[PDB]
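Enquirer: Below are the structure tokens for one structure; questions will follow.
Taken together, the values in this text are just the output of simple stated rules run on the coordinates, not laboratory data. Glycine also receives a Cβ, built like all others from the backbone with ideal geometry; neighbour counts cover every protein chain displayed.
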Amino acid sequence: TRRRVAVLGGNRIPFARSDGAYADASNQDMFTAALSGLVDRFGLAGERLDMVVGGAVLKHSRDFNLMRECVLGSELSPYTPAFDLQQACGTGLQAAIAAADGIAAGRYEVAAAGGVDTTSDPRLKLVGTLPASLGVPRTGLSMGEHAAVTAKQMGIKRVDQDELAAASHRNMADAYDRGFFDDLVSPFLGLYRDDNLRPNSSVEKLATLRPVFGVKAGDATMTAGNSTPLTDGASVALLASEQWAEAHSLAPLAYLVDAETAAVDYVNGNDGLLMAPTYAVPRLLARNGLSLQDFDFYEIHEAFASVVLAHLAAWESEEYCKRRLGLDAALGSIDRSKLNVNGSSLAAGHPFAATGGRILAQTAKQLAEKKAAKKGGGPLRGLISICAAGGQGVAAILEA
Amino acid sequence: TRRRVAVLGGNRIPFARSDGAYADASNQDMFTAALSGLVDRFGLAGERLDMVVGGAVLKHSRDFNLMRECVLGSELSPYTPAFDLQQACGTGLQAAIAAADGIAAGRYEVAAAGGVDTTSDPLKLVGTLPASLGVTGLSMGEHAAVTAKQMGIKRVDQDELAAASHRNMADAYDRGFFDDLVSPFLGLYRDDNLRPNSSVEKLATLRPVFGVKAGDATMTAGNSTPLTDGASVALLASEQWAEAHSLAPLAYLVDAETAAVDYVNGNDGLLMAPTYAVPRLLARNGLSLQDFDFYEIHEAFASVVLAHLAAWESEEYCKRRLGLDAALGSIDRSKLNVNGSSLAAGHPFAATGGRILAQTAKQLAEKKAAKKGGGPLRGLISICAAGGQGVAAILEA
Amino acid sequence: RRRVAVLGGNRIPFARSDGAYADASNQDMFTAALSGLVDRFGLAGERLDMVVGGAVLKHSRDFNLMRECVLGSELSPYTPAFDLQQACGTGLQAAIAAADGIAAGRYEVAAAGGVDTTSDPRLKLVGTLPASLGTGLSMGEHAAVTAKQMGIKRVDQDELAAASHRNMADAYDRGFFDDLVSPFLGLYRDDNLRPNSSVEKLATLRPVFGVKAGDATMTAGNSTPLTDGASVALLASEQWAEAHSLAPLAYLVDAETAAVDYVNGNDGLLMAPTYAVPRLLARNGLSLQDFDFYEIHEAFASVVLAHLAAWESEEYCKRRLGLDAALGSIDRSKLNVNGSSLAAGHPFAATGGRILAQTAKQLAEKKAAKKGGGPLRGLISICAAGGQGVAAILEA
Amino acid sequence: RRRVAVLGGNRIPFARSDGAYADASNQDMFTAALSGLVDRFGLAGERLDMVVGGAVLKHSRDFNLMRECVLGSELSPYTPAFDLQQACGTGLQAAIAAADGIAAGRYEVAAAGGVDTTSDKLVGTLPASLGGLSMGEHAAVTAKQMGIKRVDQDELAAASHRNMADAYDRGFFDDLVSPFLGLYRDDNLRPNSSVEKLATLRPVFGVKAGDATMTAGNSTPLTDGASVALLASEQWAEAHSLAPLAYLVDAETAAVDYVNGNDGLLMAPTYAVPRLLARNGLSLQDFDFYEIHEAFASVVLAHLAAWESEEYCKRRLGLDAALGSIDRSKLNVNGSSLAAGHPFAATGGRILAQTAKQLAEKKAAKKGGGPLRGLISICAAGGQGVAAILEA
């Protein structure tokens, strides 16, 4: 039968804005730093991991067997195998799914899963400006303007966009000030904090930025304050079977239980480019017999503030869930207080392949922090969903 | 509960020597060809697969989300998601076990898994490329030559295995073995590199190309795979989805295992990670080497497959390196690569895995048909891979 | 083809590096050792037919080391000299040079040996240096690779190291070295010597080589530290020996030099001596179990044990050596009975001269004890950087 | 004791220093020479039993030069190698080392030579041990002490130059030299060489003491060169279908007391040649070729005078009668270091290979009953010298 899969935490360098710090940092540099941080934090040195899986999205020609060559440049046992994997922004979480798959089938006892990306190697400096399929798609329309179309279609007010962005910044700043990421971040090139972080941000400071996506379509509400910037980063997370975790005297923070992956028909124009998770989450919850509100933590990747709010409005609109999903009902709304509680992409940034890893580690820790600091009866749950270029999306749910 | 993963077959395009046919074929071209061939063969047009898995190893700067782009270019519904994967030579089989894993978890009902590699405009052998397929300080061929000389495998055995691969895939082509496994491309209908007009005597003429200065070389252009362009893919499904679409499983992917080795400084040979992986796999499933009807070992070189076999035969290797008490033994060589493999067809890095999965699967089912007498039947795939890695899998019929 | 006579040799004690001798020049130490040899054998004012040897870490300044040393010594300035380098084998190769010279009849007497300072050239071990002293892997990582693949164990390494230490201490307390050493800068025995050494203390040190790979078994207790030293041996025709009335300890019958394919891993860096020795034994018609003294230089405990394992398994002796069966294992009792480089240290060029003179006497003193017995023989084997190896046989 | 057969050798064309070979590492040039040798004799992938030689002005991190070379060569990596230095005697000494090896049956075949770069300007300007009288002042002492005339030195210098040109046109060096950085013949050679053209320039050594005879054109120039010679047992040579050109039969090495000043610096050959002769039962005249290394035509003319001198073979050598003169017809018949140059470690292999081939030439031409012999004599700094005998 399928074993339980345990997230024992992770590690990641801070995310730098592109063409700044980590401007000379190769993919391999940043990821091998990240992996070294993981091995130090959990003392894996000289031990054999059953699998390291990850990759880069904008990988270069010097990136064949990137994961394998990183572990060979690492302190892990050289008998540790590895392979690469890229699903755009969902690369991180999907690598996590791969590692969990191997653990549950019983082929792995322990494994690392993550990603790394540098958009610094390549004038707004924003993710929206790139092709829709991150192919440096074939619609004569950048990721940003696809999302602008969906924002207008769904009527996401600018105030809520700016408010979500500022909330992300302020909550991640609080998390830093409280040391939430001390056991989750290792410095790199003299950077100890997420470069793009700006803790003195508010809806007033954001309101004064000109929209720069969906402009001539009228009623543009997307700007550099509510849309992620081009950022370098690396991240990884460690997973293992329960027996491995006890044998090494490390306790699970949470368990990855299930996931779902979904595509959309975006070249045809029927579905929003970054609207795939809206299809993934519902059949995920159904397969595990859960509602959209039976969760303690909603970690929704914020590739654009508007995309997050559009996912939620889609899930609140009877019509959308009737026609686009064939649900006979609206999944309902969520308690926004349990949404990205400690900040996210608008604060940290979006190094495509790393973000997944980041989210996973965070989600796990948060779940554990709640089951331990306070206690009672009941299982605790988190739901991650990540929108991804090429009209794809990945969702997972974790228990504690 | 882990469900049964079923292999329904696959489709590949023929493999051409590099800088010949397919020279101007992009990775997207050849893979979307193989995919549409699969679509035709199983009538999956307009259907939604739960996942397409695969990748290309020596990708250009344009192959971002290659699988997804081929999907959107294919005839499958664009609600079919895909992701890229690359593990050098084992890319195909890694794609396969990833899709299979999704089926076992109950996340997929059907998936397509394979790979593709163009190598035109990257002598003309796989051995001449770096050990990491990118740049230790030693070509893959010379690494395998070191292992060859250490184990002392004979030149005649390599030549024999190579020529037999050629003739056996020729026979397979004389019958219709490949008519439901291949799909034409750019004017080719059978594997280019095939040569049925090749003997042990003609091979013995060739001057060694690898491990020569060291002395006592045995590796020539006739027992080392040539570079080839190719693409291939296999279809996998839950039993429920398979019968619901009225296609019978040809075999079931029961388990697999993956391994790497400390090759870079010489503790292990660069292409010996299958040596470690096969024993753990056999143990976990309570089988011993001789407990199968089909053996399919990638022939990246004739010597390396012979080395896998002597390794599992010498108790020094099995005790001092694998840690096992007794040597795993030798094989019935009649049941190895029965219809040939890489040494005749060619070696497009990410395509080989797909081919072998499909081929070995249908050989299983065909025997199950002929041998009506009760009894479970199995096959073992073992793929060595650049970067000092290796994949192995078991299939049941 | 006349016979060769080792008439003994002199040597200064070997100091750990950057300590005693830390301001001693290669010429300083070798001319010291040479002076001691002169005195012990009364060659003052004599002319030797040749002085050969050198340093493998030579400073640029040094050019004709042996020649300027014989010019700064108390021997006739007519004594000719030339340098010679073969890493660790430098000394024994200098010995075969002088031997060849007299056996050819060109020489009548000759001195041969080596000097090496490792001061102001990482716990101060030889293993941490480049494999050619210039794959980029260090000596120790190479030896650890072959050690792990050979399956040698740390307990045996530790026992061998402790045994070298204790046996050399015991040799000292019996005055064995009294006619082989010569004070230098206030030192009378080898700094690195530790008579208070045993497995128990030697099993607590943390492996320092090949530990990432896993199953490491190479501590700083079972590898030689970098040491500064000098040594020389004296050789001559029988006629010269009696002409000056010196008894010979042993005779040098034959030798064999071998290299290996190590750059890409076909052979372990320090496995050359196991190619050399079987050829030597064959040319002379002996088996491995036909000597009373085995003098294997101990670069690392592993490297020594690897040779014995290599000859012990036919699976090695035909896939690599090319022989029908294994040469066999050996009576450990006769292996480096007075200890070797694991205790004394390793000045690359001085090991050869040391082991030579030492071996010669061990043989002679034994044949001096027993009587009515036939010929007794010792075998020397020395691994060397750049994947080479020198072996010799002596008789008494 | 077996026979020692010389199978020929290959060498670099000796460039003048700080010139053509100004970016040529010691390893660069010697690997060129060794690859040339293997090319010539098809030793590609064979395992020689020893490669011995070295550089005299050893540069930093030149540990295991010969071994590092064979590794960067096309021979079997199983060929061992060890370095060797004796200043100007290096090349020969390496040859005798390999010869001793196979004579004692330790090897079956071996290569032996030397490389030297002095680029990173005559050779008399260097210290007596290459590490206060300069080699050339030290030699001018013995020149004026031996009354060596200026016309004789200039004459034999130009004779060497012209005879090496004649050997070149006659194709002698085609299977003895191999190109490097686009050079095909020894840079320093100038074939239009007159006794008068050298009488024109000024002496540079012994000026103060007066009546200085040594001249700048008479002195050797600093040159960069590498060379190697192949040797083997008769069995190996036949087994590979190679023919011995000559046999190295015996050798002898000597040093002298030069620091005080009793003996001259480069006069140790005078002591070695007689003993060698005596050991084998020969006289100074029983040779068909005399190859004496030409560092200072002053020195080598002094040598001949010395050997015929007034029982100086009795006062400083301790023999009844003098050794005598020899036919100048057979001295450096194709030229020597006075014309090619002098990379210290390289000149030994050059002289050896040359002498072997010269003997083979004369043996093939004259086919009647007879033994043919050649005598090599090389002076070396640090007050040393090497002599050898070659048979055909």
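Enquirer: Do any helices (runs of 4 or more DSSP H) entirely within the stretch C:276-380 hold 3 or more residues that are more than 24 Å from residue C:17 (Cβ to Cβ), and if so, which?
Expert: Once the helices (runs of 4 or more DSSP H) in the stretch C:276-380 are filtered for at least 3 residues that are more than 24 Å from residue C:17 (Cβ to Cβ), what remains is C:301-312, C:314-317, C:350-369.
Enquirer: Same structure again: Which one of these does residue B:32 not meet: (1) touching a helix residue (DSSP H, G or I) at 6+ places or on another chain (Cβ under 7 Å); (2) at the interface with another protein chain (Cβ under 10 Å from one of its Cβ atoms)?
Expert: Condition (2) is where residue B:32 drops out.
Enquirer: Anything in the stretch B:132-161 that is in a loop (DSSP other than H, G, I, E, B) and of a type in the set (S, T, N, Q)? List them, or say none.
Expert: Let us first name the residues in the stretch B:132-161 that are in a loop (DSSP other than H, G, I, E, B), namely B:132-138, B:152-154.
B:132, B:136, listed by residue number.
Enquirer: Further, regarding this structure: Pick from C:22, C:44, C:32, C:55: which is among the small types (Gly, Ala, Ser) and over 24 Å from the mean Cα position of the chain (by Cα)?
Expert: Working: C:22 fails: over 24 Å from the mean Cα position of the chain (by Cα); C:32 fails: over 24 Å from the mean Cα position of the chain (by Cα); C:55 fails: over 24 Å from the mean Cα position of the chain (by Cα).
It is C:44.
Enquirer: Any residue that is farther than 14 Å from residue D:340 by Cβ and in a loop (DSSP other than H, G, I, E, B) - is there at least one of those in the stretch D:162-173? Working first, answer last.
Expert: If we filter the stretch D:162-173 for residues that are farther than 14 Å from residue D:340 by Cβ, which is where we start, we get D:169-171.
In the following step, the residues that additionally are in a loop (DSSP other than H, G, I, E, B) were identified as D:170-171.
Among the residues of the stretch D:162-173, at least one is farther than 14 Å from residue D:340 by Cβ and in a loop (DSSP other than H, G, I, E, B), which makes the answer yes.
Enquirer: Looking at this structure, is residue B:190 more than 14 Å from chain A (Cβ to nearest Cβ), part of a helix (DSSP H, G or I), touching a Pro at 6+ places or on another chain (Cβ under 7 Å) and under 20 Å from residue B:341 (Cβ atoms)?
Expert: Details: more than 14 Å from chain A (Cβ to nearest Cβ): yes; part of a helix (DSSP H, G or I): no; touching a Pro at 6+ places or on another chain (Cβ under 7 Å): yes; under 20 Å from residue B:341 (Cβ atoms): yes.
So residue B:190 fails the test.
Enquirer: Then there is this: Which condition does residue A:84 not pass, out of (1) in a helix (DSSP H, G or I); (2) at the interface with chain B (Cβ under 8 Å from one of its Cβ atoms); (3) among the acidic types (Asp, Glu), if it passes all the others?
Expert: Answer for residue A:84: the failing condition is (1).
Enquirer: If I go through the stretch D:216-247 residue by residue, how many of them are in contact with a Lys or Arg (Cβ under 7 Å, 6 or more places away or on another chain) and hydroxyl-bearing (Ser, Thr, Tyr)?
Expert: 4
Enquirer: Something else now. What number of residues in the stretch D:45-60 are buried (at least 18 other Cβ atoms within 10 Å of the Cβ), away from chain B (no Cβ under 14 Å) and part of a loop (DSSP other than H, G, I, E, B)?
Expert: 5
Enquirer: Test each condition in (1) among the hydroxyl-bearing types (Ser, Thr, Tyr); (2) part of a helix (DSSP H, G or I); (3) surrounded by fewer than 22 Cβ atoms within 10 Å (Cβ to Cβ) for residue A:201 and report the one that comes out false.
Expert: (2)
Enquirer: Name the single residue, out of those in the stretch D:381-392 being of a type in the set (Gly, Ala, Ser) and assigned to a strand (DSSP E or B), that is surrounded by the most Cβ atoms within 10 Å (Cβ to Cβ).
Expert: Filtering the stretch D:381-392 down to residues of a type in the set (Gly, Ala, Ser) leaves D:381-383, D:385, D:387-388, D:392.
Right, trim to assigned to a strand (DSSP E or B) and you get D:385, D:387-388.
Details: D:385: 30, D:387: 27, D:388: 28.
The selected residue is D:385.
Enquirer: Can you name the residue in the stretch D:61-77 that is within 7 Å of another protein chain (Cβ to nearest Cβ) and in contact with a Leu (Cβ under 9 Å, 6 or more places away or on another chain) and is also surrounded by the fewest Cβ atoms within 10 Å (Cβ to Cβ) among such residues?
Expert: Result: D:61.
Enquirer: Let me ask something additional. Go through (1) within 13 Å of chain B (Cβ to nearest Cβ); (2) surrounded by 22 or more Cβ atoms within 10 Å (Cβ to Cβ); (3) of a type outside the set (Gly, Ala, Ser) one by one and return the number of the condition residue A:13 breaks.
Expert: So residue A:13 meets the others, but not (1).
Enquirer: Only one of C:209, C:291, C:300 is away from every other protein chain (no Cβ under 14 Å) and either farther than 30 Å from residue C:27 by Cα or in contact with a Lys or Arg (Cβ under 7 Å, 6 or more places away or on another chain) (or both). Can you tell me which?
Expert: C:291
Enquirer: Count, please, the residues in the stretch C:1-16 that happen to be in contact with a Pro (Cβ under 7 Å, 6 or more places away or on another chain) and among the small types (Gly, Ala, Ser).
Expert: 1
Enquirer: Next up: Filter the stretch D:105-155 down to the residues that are more than 20 Å from the chain's Cα centre (by Cα), surrounded by 19 or more Cβ atoms within 10 Å (Cβ to Cβ), within 14 Å of chain C (Cβ to nearest Cβ) and more than 27 Å from residue D:10 (Cβ to Cβ) and list them by number.
Expert: None - no residue of the stretch D:105-155 is more than 20 Å from the chain's Cα centre (by Cα), surrounded by 19 or more Cβ atoms within 10 Å (Cβ to Cβ), within 14 Å of chain C (Cβ to nearest Cβ) and more than 27 Å from residue D:10 (Cβ to Cβ), so the list stays empty.
Enquirer: Please determine, by comparing only the residues of the stretch C:16-28 that are under 26 Å from residue C:77 (Cβ atoms) and in contact with an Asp or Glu (Cβ under 7 Å, 6 or more places away or on another chain), which one is farthest from the other protein chains (Cβ to nearest Cβ).
Expert: Checked the stretch C:16-28; the qualifying residue farthest from the other protein chains (Cβ to nearest Cβ) is C:24.
Enquirer: If you don't mind, there's one more thing I want to ask. So if I check each of B:353, B:387, B:340, which one is at positive phi, in contact with a helix residue (DSSP H, G or I) (Cβ under 9 Å, 6 or more places away or on another chain) and within 14 Å of chain A (Cβ to nearest Cβ)?
Expert: B:387
Enquirer: List pairs: first residue in the stretch D:239-263 and within 11 Å of another protein chain (Cβ to nearest Cβ), second residue assigned to a loop (DSSP other than H, G, I, E, B) and hydroxyl-bearing (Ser, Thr, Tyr) anywhere in the structure, Cβ distance under 6 angstrom, at least six positions apart or on different chains.
Expert: Taking only residues 6 or more apart or on different chains, the pairs are D:255/C:78.
Enquirer: Residue A:100 versus (1) more than 28 Å from residue B:70 (Cα to Cα); (2) within 12 Å of chain B (Cβ to nearest Cβ): which is the lone unmet condition?
Expert: (1)
Enquirer: Does residue A:3 satisfy the condition of being surrounded by fewer than 21 Cβ atoms within 10 Å (Cβ to Cβ), among the charged types (D, E, K, R) and within 27 Å of residue B:264 (Cβ to Cβ)?
Expert: No.
Enquirer: Considering only residues that are under 25 Å from residue A:324 (Cα atoms) and not in a strand (DSSP E or B), which ones fall in the stretch A:221-271?
Expert: Selection gives A:221, A:264, A:265, A:266, A:267, A:268, A:269, A:270, A:271.
Enquirer: Looking at the stretch D:221-255, which of its residues are touching a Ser or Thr at 6+ places or on another chain (Cβ under 9 Å) and among the polar types (S, T, N, Q)?
Expert: D:223, D:227
Enquirer: Does residue A:279 satisfy the condition of being facing chain B (nearest Cβ under 10 Å) and out of contact with any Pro (no Cβ under 9 Å at 6 or more places or on another chain)?
Expert: yes
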